[PDB]
Structures are given as structure tokens and as C-alpha cells.
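Undergrad: Below: one structure in C-alpha cells.
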Ligand SMILES: [Ca+2]
Ligand SMILES: [Ca+2]
Ligand SMILES: [Ca+2]
Ligand SMILES: [Ca+2]
């Protein structure tokens with residue numbers, strides 16, 4: 001595996017690491033996303049995940065209004081955080 | 001750095017490794033993309049980057065019609081292939 005492929009694999013595995021804990025094993029709940037942000041993106045959220053921001057994040061990603069983020073919906077998040085990592 | 005932050009940093013450094021080769025240092029030319037595909041995404045392109053497929057890929061990725069792939073266009077490409085990777089994985 002190339003370095004890029006290894007990195008892409010971590011994008012995949014990370015989603016499932018959090019999604020598979022609670023509820024639907026293939027969707028990220030609010031709570032699973034909060035954990036993902038705090039543990040995986042501390043540079044973006046710091047030590048405390050802001051409740052209102054989390055609600056708006058979830059709402060913007062959750063295109064089918066099931067209150068969860070599926071992997072297709074999560075790909076939008078991946079694109080955003082990739083751009084953010086380049087710029088900031 | 002978290003495993004996810006380390007992964008994102010690889011996506012950023014990989015882009016610039018290839019984009020900075022020639023021409024605009026912040027955009028992937030068709031040639032730069034060909035190499036990136038060949039060396040970095042062989043599990044998606046394989047051993048040869050196909051020429052017709054390369055032209056189709058560039059066209060599909062190139063939302064601003066400048067015949068190159070910029071960072072945002074690349075970020076969308078990778079998010080699409082990770083949805084592909086997740087399909088293969090799941
Ligand atoms: Ca879940
Ligand atoms: Ca959803
Ligand atoms: Ca270039
Ligand atoms: Ca372009």
C-alpha cells in the first residue's frame with residue numbers, strides 16, 4: 001500500500017471505529033461524532049466539543065434527517081477537513 | 001497528532017509533492033495526476049494509468065474548467081475514492 005492508500009484506509013477505519021459503538025453500527029450518532037471530534041480532531045475542536053457547534057455540524061452533514069451521519073454523508077466532512085488541514 | 005490528523009496530513013503533503021513538480025505549483029496537471037495515480041493510488045488505477053480514463057478523470061474532477069486539479073478538486077476526489085474504499089472495505 002502506498003502512503004496515500006494507507007491514509008485513506010485510516011479515513012475509513014476511523015469512521016467505523018466510532019460508528020460501530022452505539023446504535024446503528026454504520027452511522028455516527030451525535031455522541032459518536034462528539035467522541036470522534038474530541039479524540040481524532042483535537043486541533044479543530046480543542047478539549048471541549050461545543051454543544052451548539054456539534055448540533056450545527058451534525059445538522060449540516062445529516063442530509064436525510066435521521067440524526068446520524070452515514071459514510072456517504074461523512075465523505076462531505078472528509079472533504080472539508082482535508083481543505084481545512086491544508087489551509088490551517 | 002491523532003491517527004486521523006496524521007492521515008489528513010498525508011493527504012495534504014501528497015498533493016503538494018505532485019502539484020509542485022511543474023507549472024502552477026498548487027495545481028495538478030494531467031501529467032502530475034497521472035504520476036500521482038500511478039504511484040499513490042495503484043489499488044484504484046492499477047499498474048497503468050489508462051490514457052482515455054485519465055482524460056475522463058481529469059474532466060470529471062475539473063469543476064472550474066482549467067484542465068488541472070486544484071486542492072479543493074483533489075479533496076473531493078479523495079472523498080469520492082474513500083467512499084469507494086469504504087464500499088470495498090464494507
Ligand atoms: Ca453508531
Ligand atoms: Ca443521515
Ligand atoms: Ca503543477
Ligand atoms: Ca480545475
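Numbers here mean position along the shown chain, with the first residue as 1.
Per deposition record, X-ray crystallography, 1.3 Å.
Cβ atoms here come from the backbone N, Cα and C positions, even for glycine.
If you look up Swiss-Prot, you'll see A:27, A:32 marked as Ca(2+) 1 binding site, on the strength of a curator's inference. Annotation source Swiss-Prot lists domain 'EF-hand 2' at A:49-84, citing sequence analysis. The Ca(2+) 2 binding site annotation in Swiss-Prot covers A:62, A:64, A:66, A:68, A:73, and the record cites sequence analysis as its basis.
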Undergrad: Hey, for the Ca(2+) 2 site built from A:62, A:64, A:66, A:68, A:73, who else sits with CB inside 8 A of the CB center?
TA: A:27, A:61, A:63, A:65, A:67, A:69, A:70
Undergrad: Checking proximity to ligand 1 here: which binding-site residues out of A:27, A:32, A:64, A:68, A:73 have their Cβ closer than 6 Å to it?
TA: A:27, A:32
Undergrad: For residue A:27 (Ca(2+) 1 binding site), which of the three DSSP-derived states applies: helix, strand, or coil?
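TA: The three-state answer is strand.
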Undergrad: For the binding-site residues listed here (A:62, A:66), tell me which residue's CB has the most neighbouring CB atoms inside 10 Å.
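TA: Output for this query is A:62.
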Undergrad: Out of A:62, A:64, A:66, A:68, A:73, point to the one nearest residue A:27 (Ca(2+) 1 binding site) in space (Cα versus Cα); all of them are binding-site residues in the record.
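TA: Among A:62, A:64, A:66, A:68, A:73, A:68.
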Undergrad: Can you list which of the binding-site residues A:32, A:62, A:66, A:68, A:73 have their Cβ under 6 Å from some atom of ligand 2?
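TA: The ones that qualify, in sequence order, are A:62, A:66, A:68, A:73.
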Undergrad: Among the binding-site residues listed here, A:32, A:73, which has the most company in the form of other Cβ atoms within 10 Å of its Cβ?
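TA: Highest number of other Cβ atoms within 10 Å: A:32.
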Undergrad: Roughly how many Å separate the Cα of residue A:62 (Ca(2+) 2 binding site) from that of residue A:32 (Ca(2+) 1 binding site), to the nearest whole number?
TA: 14
Undergrad: Need the DSSP three-state call for residue A:64 (Ca(2+) 2 binding site) to compare against my parser.
TA: coil
Undergrad: Do me a favour and check the Cα-Cα span between residue A:64 (Ca(2+) 2 binding site) and residue A:32 (Ca(2+) 1 binding site); whole Å is fine.
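TA: On Cα coordinates alone, these residues lie 18 Å apart.
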Undergrad: What does the structure give for the C-alpha distance between residue A:66 (Ca(2+) 2 binding site) and residue A:32 (Ca(2+) 1 binding site)? Integer Å is fine.
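TA: Cα of residue A:66 (Ca(2+) 2 binding site) to Cα of residue A:32 (Ca(2+) 1 binding site) measures 14 Å after rounding.
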Undergrad: Indicate the candidate from A:64, A:68 with the smallest number of other Cβ atoms within 10 Å of its Cβ, considering only these binding-site residues.
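TA: A:64, out of the binding-site residues A:64, A:68, has the fewest neighbouring Cβ atoms within 10 Å.
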Undergrad: For residue A:27 (Ca(2+) 1 binding site), what is the tally of other C-beta atoms lying within 10 angstroms of its C-beta?
TA: 21
Undergrad: Using Cα coordinates, what distance in whole Å links residue A:32 (Ca(2+) 1 binding site) and residue A:68 (Ca(2+) 2 binding site)?
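TA: Residue A:32 (Ca(2+) 1 binding site) to residue A:68 (Ca(2+) 2 binding site), Cα-Cα distance: 9 Å.
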